[PDB]
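Chain by chain, the residues run as shown.
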Amino acid sequence: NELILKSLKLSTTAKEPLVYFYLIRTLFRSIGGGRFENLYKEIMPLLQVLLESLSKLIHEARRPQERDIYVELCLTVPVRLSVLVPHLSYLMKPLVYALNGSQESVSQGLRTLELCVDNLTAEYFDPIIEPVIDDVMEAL
């Protein structure tokens, strides 16, 4: 938790903030265990909202690689789906970006969508996907 919070805090003021996001991406990729999602549960909203803000307010400065990193962090959260049922609105926006990206991002987005459609009930999930259903279906 301390590492994640510090990484974000100096990412707010680093000369090249992408390095800290690379570190967080590596951490999420290489992490696995029962207690770590329990530790991420408390700090989920801050990370989600920060990734949302950076993803929406980026204009592809150097390449789309920063947006790719942001969406990969957003959809590669190690927590189980049961805890992740709330805050799904933060996940919905990067879904279209992932589905419109490269091969790995497309695969990650498709895996997230498959995990989402079957577990969640229709009446709960439908309003959440409604704002971006047209673009999601076009990309699909």
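Q: Describe the packing of aromatic side chains, and please don't skip the residues or the numbers.
A: This model, assessed by the stated rule, comprises two aromatic pairs. Ring geometry for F21 versus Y70: centroids 5.1 Å apart, planes at 75°, classification edge-to-face. Taken as a pair, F21 in helix α2 (residues 18-30) and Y70 in helix α4 (residues 65-75) lie far apart in primary sequence, 49 residues in all. The same class applies to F21 as to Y70, namely buried. Judged by centre distance (5.4 Å) and plane angle (65°), the ring pair of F28 and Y40 falls under edge-to-face. With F28 in helix α2 and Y40 in helix α3 (residues 34-56), the pair connects residues that are twelve residues apart, well separated along the chain. Like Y40, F28 is buried.

Q: Quick one: what's the story with the nonpolar core, residue by residue and with numbers?
A: Residues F28 and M92 are the most contacted members of the largest nonpolar core, which totals 33 residues. Looking at this core, the elements that each hand over two or more residues are α1 (2-11), α2, α3, α4, α6 (88-99), α7 (103-119) and α8 (122-129). It is α6 that provides the largest number of residues to this core, a total of seven residues. Once residues within four sequence positions are removed from consideration, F28 is found in contact with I4, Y40, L47, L73, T76 and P78.

Criteria and cut-off values
Residues numbered from 1 in each chain as written, not as in the entry; some residues may be left out. Part of a larger assembly, values for the part shown. Heavy atoms only, no water. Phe/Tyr/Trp six-rings, centres within 6.5 Å; stacked < 30°, edge-to-face > 60°. Helix = DSSP H or I, 4+ residues; strand = E, 2+ residues; numbered from the N terminus. Buried < 20%, exposed > 50% of the residue type's maximum accessible area, 1.4 Å probe, protein only. Core = buried A, V, L, I, M, F, W, Y, C linked by side-chain atoms within 4.5 Å. Contact = heavy atoms within 4.5 Å.

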